[PDB]
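Heavy atoms only: backbone and side chains are in, while hydrogens, waters and symmetry mates are out. Just so we're on the same page: letters track the sequence lines, and every chain starts at 1.
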Amino acid sequence: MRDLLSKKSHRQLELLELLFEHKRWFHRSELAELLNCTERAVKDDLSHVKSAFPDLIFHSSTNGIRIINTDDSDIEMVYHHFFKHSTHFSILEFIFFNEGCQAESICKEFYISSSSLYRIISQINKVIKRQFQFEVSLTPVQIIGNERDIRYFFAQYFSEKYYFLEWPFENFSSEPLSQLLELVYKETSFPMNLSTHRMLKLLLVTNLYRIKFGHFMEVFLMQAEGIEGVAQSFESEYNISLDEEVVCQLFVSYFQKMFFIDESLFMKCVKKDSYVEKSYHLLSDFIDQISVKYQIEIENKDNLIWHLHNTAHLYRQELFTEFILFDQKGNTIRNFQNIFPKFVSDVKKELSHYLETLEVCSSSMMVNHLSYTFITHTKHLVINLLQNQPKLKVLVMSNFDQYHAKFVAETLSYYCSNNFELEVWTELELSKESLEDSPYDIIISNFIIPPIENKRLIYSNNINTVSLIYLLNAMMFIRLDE
Amino acid sequence: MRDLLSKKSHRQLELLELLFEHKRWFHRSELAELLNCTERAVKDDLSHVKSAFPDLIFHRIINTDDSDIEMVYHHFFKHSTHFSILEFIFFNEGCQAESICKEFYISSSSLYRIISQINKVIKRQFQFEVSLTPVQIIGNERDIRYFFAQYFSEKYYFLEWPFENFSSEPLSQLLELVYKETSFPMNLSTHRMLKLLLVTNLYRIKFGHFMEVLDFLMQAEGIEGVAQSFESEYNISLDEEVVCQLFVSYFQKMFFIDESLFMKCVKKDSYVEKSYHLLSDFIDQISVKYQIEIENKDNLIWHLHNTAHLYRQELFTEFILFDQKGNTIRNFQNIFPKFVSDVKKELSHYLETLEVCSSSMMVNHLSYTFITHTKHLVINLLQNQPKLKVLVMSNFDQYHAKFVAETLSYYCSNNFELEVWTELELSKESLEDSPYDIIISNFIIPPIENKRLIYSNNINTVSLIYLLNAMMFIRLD
Ligand SMILES: [K+]
Ligand code: NI
């Protein structure tokens, strides 16, 4: 959907994504070709970007250009900005909030001619249909086509464009939806937490705008206590009549046949239903295969299988699967893959085979999401992945006496990572040779010694103990650097 | 002893010590004023310094924690004709003065000037002098032996052996043989210090320069193999006089080689009892005030008593140019200024009350001794600092937050306590009201007064571990 942005905006977005992803230096030569533009475009984009994001710290050098600051800020800032300043997205969102308005109100709202609005809507619809089956219409003003696609597009859009704590929905306050969700939580099995609750509020508020104008999806709460208080809110706040049809339209996605809200019922269906048996079998063989290969002990196999099955049988119903501008899910999995490339590549291939064998959606967005799901549901995963990594041996010596070396060694052993094993030198003599033949990865001393091949030396004479702790801790993942 | 260096060299040295000590950004006016010199002088020192030590990098200097500061001291020793001549003379007792003129390409008149100047400087601290008729070093023998052993510890690297006349091995096997038959600690540091003291003492013993004042040793196993090495390697007869002269420092009346003997002397000698009483009240006072567990008080008292009653007998107490002991205490003092100020005052009072050496050199060394003999010091010193509370949130789902929380709680300092957000709603005010010190999130929130925010979207878990651990002593700040 980034083709809804202007050319300049699109290019600046990619420039910033590059600089946030890579901490290296970049000459304008390199930026020009990586971003497939001219050096003039790069220069113009850079100064536009400097002024738009003044907090971001840009150094220039003999080495080139880079952002120094990225660990204080976050790329969400950039998207938040390019969404906010985009004309096409703004119009689209205006239309979403104003079904039935006069086309002319849109022209007035955005200071554009009627012919310009028709050109814009034409461009918007062209971009949208590359991925989603819906379109904007001006006669009358509405969004039509595949209802599931529309609902997904906008909930995801709102999740990307607005900060987590923002509530940009003027027609619809959050409270009645919260009150409704409270009721829902008591009598159901949804996880109850801030993340899932925010996502549900966005899905539901998006669905209310559809429901208010009769745009419906093809498919206990009515007699829970409190229901009439909620039903009153909906009438008062939203002017909507809270009945069975509404409730069904709000939560349609959780009536998917192969979604199992109940874990125990899933496990029962595994025994009766040959499609479900097959899903279960594939996921069970995947999990065993990965567990044996990476020696990962897994705690609750069947619960994990249930979760993977469910995740794989939803399509454009959970947010952070498909993205508009910000592939946050994808970036998260890529960061983990940077640490553990072979592991992540193996799970992606197994899960891709799972999706393809069942003939469900097997796009990279779903492969990424499912892999992410497996990872984040797995206990002590990082411990297990690093289990073949021997401890780093650290020698500590003092030219004063051994009480000093022991004092330091004990202090560091206590405060620094248990990846390290700290020891003192126990022989009477020392020589370059006996240091070379020693097993140490790191040597800390307050006197100078010749370089010792394959040993990192920390000279500690001008370093206090606290600084030394910080310094040694920065080396805790040396083995991971192979 | 730095006044022995040329005025320029001396100033260049203090320049570098300032740079290495302080990380503060420096401009020429601060330097000139701090060093007490012209800006022309500072400009020229800087040029010279960069020329002499190319591997240093000035942007203020950014290399310091990674740089060979000993090489700095070596350099100034070597290029001091005064120090070089002093050393040559130490190794060449009885030579003709003309040999020194020849070796250093100087006239006899400038040699006599140099000697005068050396004697003038040394005399301020140590009561000995160099003589040219005949060529020898004379005066207080303990001062001489200390001066040179300490000089050699500062001028040469730990692994170097500058003594051409004397191999280390005969001396090693003597020490070995001594360790076996005694209570002396066996470790590389004390072993190196003893070798330097002894090799120094041998040069004195070889010309009959003796200290004014062991049976077992002469009938111990292997003594003849050792004594043969001494005769063949050093041209010296290993006897009761030599052994005594090699180890004189440890027959001090108030030095106690064994803890049990010290403790028996506490009951029968009123001076020893006084020493024990002062140290015991100091230790109790500091332990209660800073809540420090002292397990083996008597062992600590014994060590502090011993240390306080050696004078110019242990290296790294007084320095020639490089006050490494003092810098080590100053570094510790940077972290715990009040603790260190208290121990120094208590130990200064201990020393003054007994009327032993109470120089800042001895106060620094005794304080260093107290610190390094104490078990769990830093831990005890930080015990009132609460755990840092860390909140982890994800916009995806709570599994993600728990995955990250568990990984970070395992790998990061036990100074942290990681938790997830358990309420359904989040708001700026509930975050402000929360007790978290650090918030890790993959979604932007507004600044929350007094909370450090770490955003995680472009950071992998390993990077996140490094970033969190860098904050492990926030409270200490
Ligand atoms: K530890
Ligand atoms: Ni099978």
Separation between CE of A:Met366 and OG1 of A:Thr311, rounded to the nearest 0.5 Å: 8.0 Å
NZ/NE/NH1/NH2 to OD/OE distance under 4.0 Å, A:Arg210 and A:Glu147: yes
Between A:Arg151 and A:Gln249, a side-chain donor and acceptor under 3.5 Å: yes
Residues A:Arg334, A:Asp327: salt bridge by 4.0 Å N-O rule: yes
Distance-only donor-acceptor hits, side chain of residues 193-205 of chain A, under 3.5 Å, sequence neighbours excluded:
{"residue": "A:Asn193", "atom": "OD1", "partner": "A:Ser195", "partner atom": "N", "Å": "3.0"}
{"residue": "A:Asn193", "atom": "OD1", "partner": "A:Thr196", "partner atom": "N", "Å": "3.1"}
{"residue": "A:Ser195", "atom": "OG", "partner": "B:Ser394", "partner atom": "O", "Å": "2.3"}
{"residue": "A:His197", "atom": "ND1", "partner": "A:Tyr185", "partner atom": "OH", "Å": "2.7"}
{"residue": "A:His197", "atom": "NE2", "partner": "B:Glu425", "partner atom": "OE2", "Å": "2.8"}
{"residue": "A:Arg198", "atom": "NE", "partner": "A:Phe164", "partner atom": "O", "Å": "3.3"}
{"residue": "A:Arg198", "atom": "NH1", "partner": "A:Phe164", "partner atom": "O", "Å": "3.2"}
{"residue": "A:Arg198", "atom": "NH1", "partner": "A:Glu166", "partner atom": "O", "Å": "3.0"}
{"residue": "A:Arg198", "atom": "NH2", "partner": "A:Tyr163", "partner atom": "O", "Å": "3.3"}
{"residue": "A:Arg198", "atom": "NH2", "partner": "A:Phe164", "partner atom": "O", "Å": "3.4"}
{"residue": "A:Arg198", "atom": "NH2", "partner": "A:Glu166", "partner atom": "O", "Å": "3.0"}
{"residue": "A:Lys201", "atom": "NZ", "partner": "B:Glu425", "partner atom": "OE1", "Å": "3.1"}

Show me the donor-acceptor pairs within less than 3.5 Å that the side chains of residues 100-107 of chain A make with the rest of the protein, sequence neighbours left out.
{"residue": "A:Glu104", "atom": "OE2", "partner": "A:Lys108", "partner atom": "NZ", "Å": "3.4"}

Audit row: A:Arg2, A:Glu14, salt bridge (charged side-chain N to carboxylate O under 4.0 Å, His left out) steps and yes/no: CA-CA 10 Å; A:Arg2 55 186 50 210; A:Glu14 314 222 320; 3.1 Å; yes
Distance (rounded to the nearest 0.5 Å) between A:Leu208 CG and A:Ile240 CD1: 5.0 Å
A:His353 NE2: over 12 foreign heavy atoms closer than 6.0 Å: no
Name of the residue among A:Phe286, A:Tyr354, A:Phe260, A:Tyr280 meeting ring-ring contact (aromatic ring centres under 6.0 Å, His included) with A:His309: A:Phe260
Close side-chain approach of A:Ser284 and A:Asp288, heavy atoms under 4.5 Å: yes
A:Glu297 and A:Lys379, any side-chain heavy atoms less than 4.5 Å apart: no
Student check: side-chain heavy atoms of A:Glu109 and A:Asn98 closer than 4.5 Å: no
Geometric cation-pi criterion, A:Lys161 with A:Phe89: 6.0 Å, 45°: no
Aromatic plane relationship, A:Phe154 with A:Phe96 - under 30° parallel, 30 to 60° tilted, over 60° perpendicular: parallel
Side chain to side chain donor-acceptor pair (under 3.5 Å) partner of B:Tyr436, the single match among B:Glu419, B:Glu417, B:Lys389: B:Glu419
Residues A:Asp3, A:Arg130; criterion salt bridge (charged side-chain N to carboxylate O under 4.0 Å, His left out); working and verdict: CA-CA 10 Å; A:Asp3 284 328; A:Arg130 292 174 194 161; 2.9 Å; yes
Qualifying residues under side-chain hydrogen bond (donor to acceptor under 3.5 Å, both in side chains), relative to B:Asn457, sequence neighbours excluded: A:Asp74, A:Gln328
Ring centres under 6.0 angstrom apart (A:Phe326, A:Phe83): no
Min side-chain heavy-atom separation A:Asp72-B:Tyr455 under 4.5 Å: no
Partners passing ring pair (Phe, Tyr, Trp, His ring centres under 6.0 Å) against A:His369 (at least two apart in sequence or in another chain): none
4.5 Å side-chain heavy-atom contact, B:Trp421 and B:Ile439: no
Enumerate, atom names and distances included, each donor-acceptor pair closer than 3.5 Å involving a side-chain atom of residues 168-178 of chain A, sequence neighbours excluded.
{"residue": "A:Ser173", "atom": "OG", "partner": "A:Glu237", "partner atom": "OE1", "Å": "3.2"}
{"residue": "A:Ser178", "atom": "OG", "partner": "A:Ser174", "partner atom": "O", "Å": "3.3"}

A:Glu322 and A:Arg316 ion-paired at < 4.0 Å: yes
Residue pair A:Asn310 / A:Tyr254, side-chain donor-acceptor N/O under 3.5 Å: no
Parallel, tilted or perpendicular: rings of A:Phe132 and A:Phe134 (30°, 60°): tilted
Worked check of salt bridge (charged side-chain N to carboxylate O under 4.0 Å, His left out) between B:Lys387 and B:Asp437: CA-CA 9 Å; B:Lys387 299 295 202 180; B:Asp437 299 291; over 6 Å; no
For A:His380, all residues meeting side-chain hydrogen bond (donor to acceptor under 3.5 Å, both in side chains), sequence neighbours excluded: A:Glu299, A:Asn384
A:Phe374 side chain reached by A:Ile287 side chain, heavy atoms, under 4.5 Å: yes
